[PDB]
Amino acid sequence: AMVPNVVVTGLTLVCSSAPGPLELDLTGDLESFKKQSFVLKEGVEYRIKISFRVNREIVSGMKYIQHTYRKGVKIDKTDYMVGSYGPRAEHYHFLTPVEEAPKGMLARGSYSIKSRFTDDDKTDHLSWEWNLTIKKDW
């Protein structure tokens, strides 16, 4: 015990051509992700899937935010409106629109992402950091 009202449980990169799963278990030690990375082949299409649970009461204005950094320098910020969710037994899944990984030699390499899941009360449901490595091939 106990069970919070909102629990963010997973991040998944959904990519048909990836040879293996690309998932972060957000119920564990989030610090471990900083020394790990997901590899994506340059230019491939993918979505980001955020999995979460609502256990007791409605939460309005859920929002997913990603800040992308390159060698510690912020290069992009994207906010995604997730919406209002009530409680249920099954996990909820939020999928971002389809995006393409960067492509071309100058754009390959390592990127870090600072992710935040929040709501209209500005609740820090979860904050975590993870890495993407863009390569010529899988």
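Note that residue numbering follows the sequence shown and begins at 1.
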Worksheet, complete the sentence: Mean Cα B-factor check, 47 to 55 vs 76 to 84, entry values; winner is 76 to 84
Worksheet entry | Third of the chain's Cα B-factor distribution that residue 25 belongs to, per the entry | lowest
Worksheet item: Ranked by Cα temperature factor within the chain, is residue 112 in the lowest third, the middle third or the highest third?
Response: middle
Worksheet, complete the sentence: Sorting the chain's modelled residues by C-alpha B-factor and splitting them into thirds places residue 12 in the lowest
Item to complete: Pull the Cα B-factor of residue 123 out of the PDB entry and bin it into the chain's lowest, middle or highest third.
Response: highest
Practice prompt. Just say lowest, middle or highest third for the CA B-factor of residue 134 relative to the other modelled residues in its chain.
Written response: middle
